[PDB]
Amino acid sequence: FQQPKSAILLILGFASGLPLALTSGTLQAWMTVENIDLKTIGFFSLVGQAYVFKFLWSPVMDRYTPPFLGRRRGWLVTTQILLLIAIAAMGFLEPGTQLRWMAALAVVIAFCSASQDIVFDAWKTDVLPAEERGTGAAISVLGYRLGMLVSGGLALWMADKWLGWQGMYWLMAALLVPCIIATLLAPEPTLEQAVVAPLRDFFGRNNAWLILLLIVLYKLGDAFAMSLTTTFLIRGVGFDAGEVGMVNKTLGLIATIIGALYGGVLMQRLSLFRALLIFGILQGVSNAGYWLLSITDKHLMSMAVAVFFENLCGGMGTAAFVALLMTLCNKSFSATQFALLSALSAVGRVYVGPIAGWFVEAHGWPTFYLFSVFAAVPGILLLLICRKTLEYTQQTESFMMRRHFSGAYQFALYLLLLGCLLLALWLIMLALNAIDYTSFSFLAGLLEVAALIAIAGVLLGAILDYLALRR
């Protein structure tokens, strides 16, 4: 509905979808077209973690002083004006000779773009009454989807009309001028509660790691898929050079929206377990077909059909994941667990990036996607294991706080506690190879073995849930 507080929800939402594709899809397509190797492309999926560690910064924008303006109006300009510079300065840097400055800029793009969504979400919650909520939320998501396709298919195709990839990022700076103008045209309106408290409930529940792995491992197939999909459709098969964006993304986005609606339509007649399983199994067969393109290039329509089906069985299953997330949040502090669980669901998406790139080199393009169909099985296989623990949520909404102590819990978590610090400790070793300050020939030897041991602590910890679910 057209009203003075309607266009802002679309343009401001357009300011949130534009940078999301630029740090993930177009940058990947920028590296793919510029002959940047597959392994480094997968490492660039890590800069997408800024959108999933946004839960930490959400308290920050409130406690930290509002710069130059109100807390909600001013901070949105700050992340928009930073992006208008960051996106433009990104186009100044050329893949090939200069990636580290481009990579560092991508993180700042990622850091500010997630700040763009956080401040807008804070603005979307203060300005939207319950009566008008959803009406503006649908409008906001519509602009986000429009911004995704403008920075997705429209950006990639504009990169072929443009004599180079420089202009497409430069035009995003030009297209972000209305975003700031919309921000200043709009009349202006905790870490413990938002972050610390939800972890206690998720870690105090009897399900604990069984739901945690089920939350994480479910979209593993869709995480190994997608990801390098833009590189694949560009560097793998003849449907190359820009048509990927207008088909893999433009039709891919439409596939998710129609699928997500179907994920809210058939869920009425489908049990949550019977919906998560059927959509997850269909999610597994959805990844099949990416192997079909990787074998023989029959035609473009093979990508167009599969991209629809890939997102259809994924986006519709995404609604099943969203429904599952909603059944695991208490009414006491709902809408924060969903933010935390979805963000913490992407803790498992972190490992996908480097493994996605590393797998494609050693093992061929068909093998990685034939691995994807088996990659979603652990999410499904755990769902069948977690069938009983999802039944209590459907029957009577409650949480079992009895952890039983998991036998000897110090053998479960405290074993993996060092592993959490090991990622930061490994990052200290990461600078060593770049700057040659300290010689450690071990390098990644300790990171690989102990991280699985750290995961094994979750694995044996999740093993403790099933044996302790008897009591």
# chains A, B, ... in the order shown; residues from 1 in each chain; ligands from 1
>>> residues_around(residues="region 45-62 of chain A", least_positions_apart="3", cutoff="10 Å", atoms="only C-alpha atoms", output="compact mmCIF listing (two decimals) with N, CA, C and O atoms, in the first residue's frame")
# COMPACT_ATOMS: atom_id res chain seq x y z
N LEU A 20 24.44 -7.71 0.26
CA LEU A 20 24.50 -9.13 0.58
C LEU A 20 25.01 -9.94 -0.60
O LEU A 20 25.86 -10.83 -0.43
N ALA A 21 24.51 -9.66 -1.80
CA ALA A 21 24.97 -10.39 -2.97
C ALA A 21 26.35 -9.95 -3.41
O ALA A 21 27.09 -10.73 -4.03
N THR A 23 29.00 -9.21 -1.54
CA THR A 23 30.08 -9.84 -0.78
C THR A 23 30.11 -11.35 -1.00
O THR A 23 31.15 -11.98 -0.76
N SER A 24 29.00 -11.94 -1.43
CA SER A 24 28.90 -13.39 -1.56
C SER A 24 28.87 -13.85 -3.02
O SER A 24 29.70 -14.66 -3.43
N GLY A 25 27.92 -13.35 -3.80
CA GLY A 25 27.74 -13.83 -5.16
C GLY A 25 28.57 -13.13 -6.21
O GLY A 25 29.34 -13.78 -6.93
N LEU A 27 31.07 -10.98 -5.92
CA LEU A 27 32.49 -11.08 -5.63
C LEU A 27 33.02 -12.45 -6.00
O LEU A 27 34.11 -12.57 -6.57
N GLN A 28 32.26 -13.50 -5.70
CA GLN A 28 32.62 -14.83 -6.15
C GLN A 28 32.65 -14.89 -7.67
O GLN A 28 33.59 -15.44 -8.26
N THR A 40 40.65 -20.32 -2.99
CA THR A 40 40.51 -18.97 -2.45
C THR A 40 39.07 -18.49 -2.52
O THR A 40 38.62 -17.73 -1.66
N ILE A 41 38.33 -18.92 -3.54
CA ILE A 41 36.92 -18.55 -3.65
C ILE A 41 36.14 -19.08 -2.46
O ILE A 41 35.30 -18.39 -1.89
N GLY A 42 36.41 -20.33 -2.07
CA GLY A 42 35.75 -20.89 -0.91
C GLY A 42 36.10 -20.17 0.38
O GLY A 42 35.25 -20.04 1.27
N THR A 65 27.21 5.07 21.51
CA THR A 65 26.61 6.38 21.30
C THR A 65 26.09 6.51 19.87
O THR A 65 26.68 5.98 18.93
N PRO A 66 24.97 7.20 19.69
CA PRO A 66 24.48 7.46 18.34
C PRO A 66 25.33 8.51 17.65
O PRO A 66 25.54 9.61 18.18
N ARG A 71 19.83 7.33 17.09
CA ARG A 71 20.41 5.99 17.09
C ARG A 71 19.98 5.20 15.87
O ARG A 71 20.78 4.47 15.28
N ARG A 72 18.71 5.33 15.48
CA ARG A 72 18.20 4.54 14.36
C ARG A 72 18.44 5.22 13.02
O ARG A 72 18.82 4.55 12.05
N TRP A 75 22.72 5.80 12.49
CA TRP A 75 23.57 4.64 12.26
C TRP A 75 23.31 4.02 10.90
O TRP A 75 24.22 3.41 10.32
N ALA A 103 39.76 -8.38 -0.37
CA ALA A 103 39.23 -9.27 0.66
C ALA A 103 38.95 -8.51 1.95
O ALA A 103 37.91 -8.71 2.58
N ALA A 104 39.88 -7.65 2.36
CA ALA A 104 39.66 -6.85 3.56
C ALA A 104 38.49 -5.90 3.38
O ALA A 104 37.72 -5.67 4.32
N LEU A 105 38.35 -5.34 2.18
CA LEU A 105 37.21 -4.47 1.91
C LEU A 105 35.90 -5.25 1.97
O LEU A 105 34.88 -4.73 2.42
N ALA A 106 35.92 -6.51 1.51
CA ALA A 106 34.72 -7.33 1.56
C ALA A 106 34.24 -7.53 2.99
O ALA A 106 33.03 -7.50 3.26
N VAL A 107 35.17 -7.74 3.92
CA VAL A 107 34.79 -7.89 5.33
C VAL A 107 34.18 -6.60 5.85
O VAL A 107 33.17 -6.62 6.56
N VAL A 108 34.77 -5.45 5.51
CA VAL A 108 34.19 -4.17 5.89
C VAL A 108 32.84 -3.99 5.22
O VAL A 108 31.88 -3.50 5.84
N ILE A 109 32.73 -4.38 3.95
CA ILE A 109 31.42 -4.47 3.31
C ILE A 109 30.51 -5.39 4.11
O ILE A 109 29.35 -5.05 4.39
N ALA A 110 31.02 -6.55 4.50
CA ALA A 110 30.23 -7.49 5.29
C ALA A 110 29.94 -6.95 6.68
O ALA A 110 28.82 -7.11 7.19
N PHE A 111 30.92 -6.31 7.31
CA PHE A 111 30.71 -5.75 8.65
C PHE A 111 29.67 -4.64 8.62
O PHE A 111 28.80 -4.56 9.50
N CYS A 112 29.75 -3.76 7.62
CA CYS A 112 28.80 -2.66 7.53
C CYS A 112 27.44 -3.10 7.00
O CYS A 112 26.42 -2.57 7.43
N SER A 113 27.41 -4.06 6.07
CA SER A 113 26.14 -4.53 5.54
C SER A 113 25.31 -5.21 6.62
O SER A 113 24.09 -5.04 6.68
N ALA A 114 25.96 -6.01 7.47
CA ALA A 114 25.24 -6.58 8.60
C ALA A 114 24.83 -5.49 9.58
O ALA A 114 23.78 -5.60 10.23
N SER A 115 25.63 -4.44 9.71
CA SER A 115 25.21 -3.28 10.49
C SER A 115 24.04 -2.57 9.83
O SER A 115 23.20 -1.99 10.52
N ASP A 117 21.60 -4.10 8.25
CA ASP A 117 20.40 -4.87 8.57
C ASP A 117 20.03 -4.72 10.04
O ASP A 117 18.84 -4.67 10.38
N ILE A 118 21.02 -4.66 10.93
CA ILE A 118 20.74 -4.58 12.36
C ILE A 118 20.03 -3.28 12.69
O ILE A 118 19.01 -3.27 13.39
N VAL A 119 20.55 -2.15 12.19
CA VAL A 119 19.93 -0.86 12.49
C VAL A 119 18.56 -0.77 11.85
O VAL A 119 17.62 -0.22 12.44
N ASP A 121 16.57 -3.35 11.20
CA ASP A 121 15.70 -4.22 11.99
C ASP A 121 15.29 -3.54 13.29
O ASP A 121 14.13 -3.64 13.71
N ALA A 122 16.23 -2.85 13.93
CA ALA A 122 15.88 -2.05 15.11
C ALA A 122 14.90 -0.95 14.74
O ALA A 122 13.98 -0.64 15.51
N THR A 190 20.67 -5.05 24.52
CA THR A 190 21.56 -5.53 25.58
C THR A 190 22.22 -6.85 25.20
O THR A 190 21.61 -7.69 24.54
N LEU A 191 23.46 -7.04 25.63
CA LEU A 191 24.18 -8.27 25.32
C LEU A 191 23.68 -9.43 26.17
O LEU A 191 23.64 -10.58 25.71
N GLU A 192 23.30 -9.15 27.42
CA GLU A 192 22.85 -10.22 28.31
C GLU A 192 21.54 -10.82 27.82
O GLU A 192 21.42 -12.05 27.71
N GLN A 193 20.54 -9.98 27.53
CA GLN A 193 19.23 -10.50 27.16
C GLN A 193 19.23 -11.07 25.75
O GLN A 193 18.67 -12.15 25.51
N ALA A 194 19.85 -10.37 24.81
CA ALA A 194 19.75 -10.77 23.41
C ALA A 194 20.67 -11.94 23.07
O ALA A 194 20.34 -12.75 22.20
N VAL A 195 21.82 -12.04 23.73
CA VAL A 195 22.85 -13.01 23.38
C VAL A 195 23.10 -14.01 24.50
O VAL A 195 23.06 -15.22 24.28
N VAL A 196 23.36 -13.52 25.71
CA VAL A 196 23.79 -14.40 26.79
C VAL A 196 22.65 -15.31 27.23
O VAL A 196 22.82 -16.52 27.39
N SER A 227 26.60 -21.79 -2.37
CA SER A 227 28.02 -21.58 -2.08
C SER A 227 28.83 -21.38 -3.35
O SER A 227 28.87 -20.28 -3.91
N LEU A 228 29.48 -22.44 -3.80
CA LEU A 228 30.20 -22.46 -5.06
C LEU A 228 29.30 -22.63 -6.26
O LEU A 228 29.84 -22.95 -7.33
N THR A 336 14.32 -13.84 20.16
CA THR A 336 15.76 -13.76 20.38
C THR A 336 16.45 -15.10 20.21
O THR A 336 17.57 -15.15 19.71
N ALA A 339 16.60 -15.47 16.49
CA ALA A 339 17.79 -14.77 16.02
C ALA A 339 19.06 -15.53 16.37
O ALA A 339 19.97 -15.64 15.55
N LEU A 340 19.13 -16.06 17.59
CA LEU A 340 20.32 -16.80 18.01
C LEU A 340 20.41 -18.15 17.31
O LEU A 340 21.47 -18.51 16.80
N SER A 342 19.06 -19.24 14.48
CA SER A 342 19.38 -19.09 13.06
C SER A 342 20.82 -18.66 12.86
O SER A 342 21.52 -19.18 11.99
N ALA A 343 21.29 -17.70 13.67
CA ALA A 343 22.69 -17.31 13.61
C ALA A 343 23.60 -18.45 14.05
O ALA A 343 24.64 -18.69 13.42
N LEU A 344 23.22 -19.16 15.11
CA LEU A 344 24.02 -20.29 15.57
C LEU A 344 23.88 -21.48 14.64
O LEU A 344 24.77 -22.34 14.58
N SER A 345 22.77 -21.55 13.88
CA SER A 345 22.66 -22.56 12.83
C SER A 345 23.75 -22.39 11.80
O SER A 345 24.17 -23.36 11.16
N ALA A 346 24.23 -21.16 11.61
CA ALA A 346 25.27 -20.87 10.64
C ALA A 346 26.68 -21.04 11.21
O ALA A 346 27.65 -20.80 10.48
N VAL A 347 26.81 -21.44 12.47
CA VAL A 347 28.11 -21.86 12.98
C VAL A 347 28.62 -23.04 12.17
O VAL A 347 29.82 -23.15 11.88
N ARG A 349 27.74 -23.53 9.04
CA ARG A 349 28.00 -23.05 7.69
C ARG A 349 29.43 -22.54 7.52
O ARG A 349 29.89 -22.41 6.38
N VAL A 350 30.12 -22.24 8.62
CA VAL A 350 31.48 -21.73 8.53
C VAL A 350 32.41 -22.79 7.93
O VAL A 350 33.22 -22.49 7.05
N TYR A 351 32.28 -24.03 8.39
CA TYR A 351 33.16 -25.09 7.90
C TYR A 351 32.90 -25.41 6.43
O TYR A 351 33.77 -25.95 5.75
N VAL A 352 31.71 -25.08 5.93
CA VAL A 352 31.35 -25.43 4.55
C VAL A 352 32.25 -24.71 3.56
O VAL A 352 32.75 -25.31 2.60
N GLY A 353 32.47 -23.41 3.77
CA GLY A 353 33.20 -22.58 2.85
C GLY A 353 34.54 -23.14 2.43
O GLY A 353 34.75 -23.48 1.26
N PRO A 354 35.49 -23.22 3.37
CA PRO A 354 36.81 -23.78 3.02
C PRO A 354 36.75 -25.19 2.48
O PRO A 354 37.49 -25.53 1.55
N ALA A 356 34.22 -26.52 0.85
CA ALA A 356 33.65 -26.47 -0.49
C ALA A 356 34.72 -26.18 -1.53
O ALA A 356 34.79 -26.86 -2.56
N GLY A 357 35.57 -25.19 -1.28
CA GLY A 357 36.66 -24.88 -2.19
C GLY A 357 37.71 -25.97 -2.25
O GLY A 357 38.19 -26.32 -3.33
>>> closest_residue(among="A:400, A:175, A:149, A:383", to="residue 215 (chain A)", atoms="only C-alpha atoms")
A:383
>>> residues_around(residues="region 365-380 of chain A", least_positions_apart="6", cutoff="6 Å", atoms="only C-alpha atoms", output="JSON, numbers by chain")
{"A": [214, 217, 218, 220, 221, 284, 287, 291, 294]}
>>> write_last_selection(atoms="N, CA and C atoms", output="PDB file, in the first residue's frame")
ATOM      1  N   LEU A 214      21.066 -31.029  14.721  1.00  0.00           N
ATOM      2  CA  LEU A 214      19.925 -31.032  13.811  1.00  0.00           C
ATOM      3  C   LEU A 214      19.678 -29.649  13.236  1.00  0.00           C
ATOM      4  N   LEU A 217      23.263 -29.366  11.073  1.00  0.00           N
ATOM      5  CA  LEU A 217      23.540 -30.321  10.005  1.00  0.00           C
ATOM      6  C   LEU A 217      22.423 -30.417   8.975  1.00  0.00           C
ATOM      7  N   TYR A 218      21.249 -29.843   9.241  1.00  0.00           N
ATOM      8  CA  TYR A 218      20.129 -29.979   8.315  1.00  0.00           C
ATOM      9  C   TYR A 218      20.416 -29.287   6.992  1.00  0.00           C
ATOM     10  N   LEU A 220      23.258 -28.445   5.850  1.00  0.00           N
ATOM     11  CA  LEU A 220      24.608 -28.710   5.367  1.00  0.00           C
ATOM     12  C   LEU A 220      24.603 -29.014   3.876  1.00  0.00           C
ATOM     13  N   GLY A 221      23.618 -29.783   3.414  1.00  0.00           N
ATOM     14  CA  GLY A 221      23.520 -30.060   1.990  1.00  0.00           C
ATOM     15  C   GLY A 221      23.279 -28.805   1.175  1.00  0.00           C
ATOM     16  N   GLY A 284      17.895 -33.320  -0.420  1.00  0.00           N
ATOM     17  CA  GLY A 284      18.997 -34.167  -0.845  1.00  0.00           C
ATOM     18  C   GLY A 284      18.962 -34.462  -2.333  1.00  0.00           C
ATOM     19  N   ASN A 287      20.026 -31.425  -4.602  1.00  0.00           N
ATOM     20  CA  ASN A 287      21.442 -31.303  -4.934  1.00  0.00           C
ATOM     21  C   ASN A 287      21.808 -32.189  -6.113  1.00  0.00           C
ATOM     22  N   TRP A 291      25.053 -32.321 -10.153  1.00  0.00           N
ATOM     23  CA  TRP A 291      25.875 -33.341 -10.788  1.00  0.00           C
ATOM     24  C   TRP A 291      25.456 -33.562 -12.236  1.00  0.00           C
ATOM     25  N   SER A 294      27.121 -31.091 -14.239  1.00  0.00           N
ATOM     26  CA  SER A 294      28.559 -31.298 -14.158  1.00  0.00           C
ATOM     27  C   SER A 294      29.050 -32.451 -15.019  1.00  0.00           C
TER      28      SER A 294
END
>>> closest_residue(among="A:43, A:1, A:279, A:68", to="residue 184 (chain A)", atoms="only C-alpha atoms")
A:68
>>> select_by_dssp(residues="region 25-217 of chain A", states="helix (DSSP H, G or I)", output="number ranges by chain")
A: 25-33, 38-51, 54-63, 71-92, 100-126, 135-150, 153-161, 166-175, 177-185, 191-204, 209-217
>>> closest_residue(among="A:248, A:116, A:286, A:337", to="residue 301 (chain A)", atoms="only C-alpha atoms")
A:248
>>> residues_around(residues="residue 283 (chain A)", least_positions_apart="5", cutoff="7 Å", atoms="only C-alpha atoms", output="ChimeraX atom specification")
/A:313-314,317
>>> write_last_selection(atoms="C-alpha atoms", output="short mmCIF file (atom, residue, chain, number, x, y, z; two decimals), in the first residue's frame")
data_model
loop_
_atom_site.label_atom_id
_atom_site.label_comp_id
_atom_site.auth_asym_id
_atom_site.auth_seq_id
_atom_site.Cartn_x
_atom_site.Cartn_y
_atom_site.Cartn_z
CA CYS A 313 13.37 -28.01 -2.53
CA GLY A 314 15.68 -25.76 -0.50
CA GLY A 317 12.63 -26.81 3.17
#
>>> residues_around(residues="residue 180 (chain A)", least_positions_apart="5", cutoff="12 Å", atoms="only C-alpha atoms", output="ChimeraX atom specification")
/A:8,11-16,73-84,116,173-175,185-186
>>> residues_around(residues="residue 189 (chain A)", least_positions_apart="6", cutoff="8 Å", atoms="only C-alpha atoms", output="ChimeraX atom specification")
/A:72,123,126-127
>>> write_last_selection(atoms="N, CA and C atoms", output="mmCIF file, in the first residue's frame")
data_model
loop_
_atom_site.group_PDB
_atom_site.id
_atom_site.type_symbol
_atom_site.label_atom_id
_atom_site.label_comp_id
_atom_site.auth_asym_id
_atom_site.auth_seq_id
_atom_site.Cartn_x
_atom_site.Cartn_y
_atom_site.Cartn_z
ATOM 1 N N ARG A 72 18.714 5.325 15.476
ATOM 2 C CA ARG A 72 18.201 4.543 14.359
ATOM 3 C C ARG A 72 18.437 5.219 13.017
ATOM 4 N N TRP A 123 15.085 -0.336 13.565
ATOM 5 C CA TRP A 123 14.122 0.646 13.085
ATOM 6 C C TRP A 123 12.812 -0.006 12.672
ATOM 7 N N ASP A 126 10.843 -0.607 15.997
ATOM 8 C CA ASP A 126 10.311 0.546 16.711
ATOM 9 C C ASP A 126 9.204 1.256 15.945
ATOM 10 N N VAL A 127 9.188 1.152 14.614
ATOM 11 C CA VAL A 127 8.244 1.911 13.799
ATOM 12 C C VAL A 127 7.050 1.081 13.353
#
>>> residues_around(residues="residue 170 (chain A)", least_positions_apart="5", cutoff="10 Å", atoms="only C-alpha atoms", output="ChimeraX atom specification")
/A:84-85,87-92,165,175-176
>>> closest_residue(among="A:324, A:444, A:420, A:211", to="residue 385 (chain A)", atoms="only C-alpha atoms")
A:211
>>> decode(residues="region 299-324 of chain A", atoms="N, CA, C and O atoms", output="PDB file, in the first residue's frame")
ATOM      1  N   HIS A 299      22.076 -28.363 -22.276  1.00  0.00           N
ATOM      2  CA  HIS A 299      21.585 -27.059 -22.710  1.00  0.00           C
ATOM      3  C   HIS A 299      21.555 -26.137 -21.496  1.00  0.00           C
ATOM      4  O   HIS A 299      21.842 -26.548 -20.369  1.00  0.00           O
ATOM      5  N   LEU A 300      21.216 -24.870 -21.748  1.00  0.00           N
ATOM      6  CA  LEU A 300      21.029 -23.904 -20.672  1.00  0.00           C
ATOM      7  C   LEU A 300      19.842 -24.271 -19.792  1.00  0.00           C
ATOM      8  O   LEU A 300      19.905 -24.118 -18.568  1.00  0.00           O
ATOM      9  N   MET A 301      18.756 -24.760 -20.398  1.00  0.00           N
ATOM     10  CA  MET A 301      17.540 -25.047 -19.644  1.00  0.00           C
ATOM     11  C   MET A 301      17.784 -26.073 -18.548  1.00  0.00           C
ATOM     12  O   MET A 301      17.008 -26.147 -17.587  1.00  0.00           O
ATOM     13  N   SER A 302      18.842 -26.876 -18.674  1.00  0.00           N
ATOM     14  CA  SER A 302      19.204 -27.787 -17.596  1.00  0.00           C
ATOM     15  C   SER A 302      19.575 -27.018 -16.337  1.00  0.00           C
ATOM     16  O   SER A 302      19.222 -27.427 -15.225  1.00  0.00           O
ATOM     17  N   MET A 303      20.287 -25.902 -16.487  1.00  0.00           N
ATOM     18  CA  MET A 303      20.570 -25.053 -15.336  1.00  0.00           C
ATOM     19  C   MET A 303      19.326 -24.309 -14.881  1.00  0.00           C
ATOM     20  O   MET A 303      19.048 -24.232 -13.679  1.00  0.00           O
ATOM     21  N   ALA A 304      18.557 -23.762 -15.826  1.00  0.00           N
ATOM     22  CA  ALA A 304      17.362 -23.008 -15.465  1.00  0.00           C
ATOM     23  C   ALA A 304      16.360 -23.878 -14.717  1.00  0.00           C
ATOM     24  O   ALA A 304      15.772 -23.443 -13.719  1.00  0.00           O
ATOM     25  N   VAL A 305      16.148 -25.110 -15.183  1.00  0.00           N
ATOM     26  CA  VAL A 305      15.219 -26.007 -14.505  1.00  0.00           C
ATOM     27  C   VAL A 305      15.772 -26.424 -13.149  1.00  0.00           C
ATOM     28  O   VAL A 305      15.068 -26.379 -12.134  1.00  0.00           O
ATOM     29  N   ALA A 306      17.043 -26.828 -13.108  1.00  0.00           N
ATOM     30  CA  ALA A 306      17.617 -27.318 -11.861  1.00  0.00           C
ATOM     31  C   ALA A 306      17.725 -26.211 -10.823  1.00  0.00           C
ATOM     32  O   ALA A 306      17.487 -26.451  -9.634  1.00  0.00           O
ATOM     33  N   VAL A 307      18.084 -24.996 -11.245  1.00  0.00           N
ATOM     34  CA  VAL A 307      18.207 -23.889 -10.300  1.00  0.00           C
ATOM     35  C   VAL A 307      16.871 -23.617  -9.626  1.00  0.00           C
ATOM     36  O   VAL A 307      16.805 -23.388  -8.411  1.00  0.00           O
ATOM     37  N   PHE A 308      15.783 -23.639 -10.400  1.00  0.00           N
ATOM     38  CA  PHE A 308      14.451 -23.570  -9.808  1.00  0.00           C
ATOM     39  C   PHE A 308      14.241 -24.700  -8.809  1.00  0.00           C
ATOM     40  O   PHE A 308      13.882 -24.463  -7.653  1.00  0.00           O
ATOM     41  N   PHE A 309      14.490 -25.937  -9.239  1.00  0.00           N
ATOM     42  CA  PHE A 309      14.267 -27.090  -8.377  1.00  0.00           C
ATOM     43  C   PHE A 309      15.222 -27.102  -7.193  1.00  0.00           C
ATOM     44  O   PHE A 309      14.841 -27.524  -6.095  1.00  0.00           O
ATOM     45  N   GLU A 310      16.464 -26.658  -7.394  1.00  0.00           N
ATOM     46  CA  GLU A 310      17.433 -26.639  -6.302  1.00  0.00           C
ATOM     47  C   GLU A 310      16.976 -25.716  -5.181  1.00  0.00           C
ATOM     48  O   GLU A 310      17.022 -26.082  -4.001  1.00  0.00           O
ATOM     49  N   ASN A 311      16.536 -24.511  -5.533  1.00  0.00           N
ATOM     50  CA  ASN A 311      16.018 -23.592  -4.532  1.00  0.00           C
ATOM     51  C   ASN A 311      14.605 -23.958  -4.095  1.00  0.00           C
ATOM     52  O   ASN A 311      14.224 -23.674  -2.956  1.00  0.00           O
ATOM     53  N   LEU A 312      13.821 -24.585  -4.977  1.00  0.00           N
ATOM     54  CA  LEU A 312      12.462 -24.973  -4.609  1.00  0.00           C
ATOM     55  C   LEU A 312      12.481 -25.977  -3.469  1.00  0.00           C
ATOM     56  O   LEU A 312      11.812 -25.787  -2.449  1.00  0.00           O
ATOM     57  N   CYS A 313      13.249 -27.053  -3.617  1.00  0.00           N
ATOM     58  CA  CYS A 313      13.369 -28.006  -2.526  1.00  0.00           C
ATOM     59  C   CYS A 313      14.223 -27.479  -1.382  1.00  0.00           C
ATOM     60  O   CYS A 313      14.256 -28.106  -0.319  1.00  0.00           O
ATOM     61  N   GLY A 314      14.910 -26.357  -1.571  1.00  0.00           N
ATOM     62  CA  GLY A 314      15.681 -25.756  -0.503  1.00  0.00           C
ATOM     63  C   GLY A 314      14.924 -24.669   0.232  1.00  0.00           C
ATOM     64  O   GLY A 314      14.847 -24.680   1.463  1.00  0.00           O
ATOM     65  N   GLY A 315      14.362 -23.721  -0.518  1.00  0.00           N
ATOM     66  CA  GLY A 315      13.598 -22.654   0.108  1.00  0.00           C
ATOM     67  C   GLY A 315      12.337 -23.157   0.786  1.00  0.00           C
ATOM     68  O   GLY A 315      11.961 -22.669   1.855  1.00  0.00           O
ATOM     69  N   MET A 316      11.657 -24.121   0.165  1.00  0.00           N
ATOM     70  CA  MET A 316      10.504 -24.737   0.808  1.00  0.00           C
ATOM     71  C   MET A 316      10.924 -25.503   2.054  1.00  0.00           C
ATOM     72  O   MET A 316      10.237 -25.464   3.080  1.00  0.00           O
ATOM     73  N   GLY A 317      12.060 -26.198   1.985  1.00  0.00           N
ATOM     74  CA  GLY A 317      12.625 -26.813   3.171  1.00  0.00           C
ATOM     75  C   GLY A 317      13.202 -25.817   4.152  1.00  0.00           C
ATOM     76  O   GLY A 317      13.325 -26.131   5.341  1.00  0.00           O
ATOM     77  N   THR A 318      13.566 -24.622   3.680  1.00  0.00           N
ATOM     78  CA  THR A 318      13.979 -23.562   4.593  1.00  0.00           C
ATOM     79  C   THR A 318      12.834 -23.179   5.521  1.00  0.00           C
ATOM     80  O   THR A 318      13.046 -22.936   6.714  1.00  0.00           O
ATOM     81  N   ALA A 319      11.612 -23.126   4.987  1.00  0.00           N
ATOM     82  CA  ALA A 319      10.447 -22.872   5.827  1.00  0.00           C
ATOM     83  C   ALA A 319      10.268 -23.974   6.860  1.00  0.00           C
ATOM     84  O   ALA A 319       9.855 -23.709   7.996  1.00  0.00           O
ATOM     85  N   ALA A 320      10.567 -25.219   6.486  1.00  0.00           N
ATOM     86  CA  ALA A 320      10.552 -26.302   7.462  1.00  0.00           C
ATOM     87  C   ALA A 320      11.593 -26.071   8.547  1.00  0.00           C
ATOM     88  O   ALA A 320      11.340 -26.334   9.728  1.00  0.00           O
ATOM     89  N   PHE A 321      12.777 -25.591   8.163  1.00  0.00           N
ATOM     90  CA  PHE A 321      13.784 -25.234   9.155  1.00  0.00           C
ATOM     91  C   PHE A 321      13.312 -24.083  10.032  1.00  0.00           C
ATOM     92  O   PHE A 321      13.513 -24.102  11.252  1.00  0.00           O
ATOM     93  N   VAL A 322      12.691 -23.071   9.428  1.00  0.00           N
ATOM     94  CA  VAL A 322      12.187 -21.940  10.199  1.00  0.00           C
ATOM     95  C   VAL A 322      11.107 -22.401  11.167  1.00  0.00           C
ATOM     96  O   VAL A 322      11.070 -21.977  12.329  1.00  0.00           O
ATOM     97  N   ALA A 323      10.219 -23.283  10.708  1.00  0.00           N
ATOM     98  CA  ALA A 323       9.196 -23.831  11.591  1.00  0.00           C
ATOM     99  C   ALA A 323       9.822 -24.609  12.739  1.00  0.00           C
ATOM    100  O   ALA A 323       9.364 -24.515  13.884  1.00  0.00           O
ATOM    101  N   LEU A 324      10.866 -25.388  12.449  1.00  0.00           N
ATOM    102  CA  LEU A 324      11.561 -26.117  13.506  1.00  0.00           C
ATOM    103  C   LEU A 324      12.199 -25.162  14.501  1.00  0.00           C
ATOM    104  O   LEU A 324      12.165 -25.403  15.713  1.00  0.00           O
TER     105      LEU A 324
END
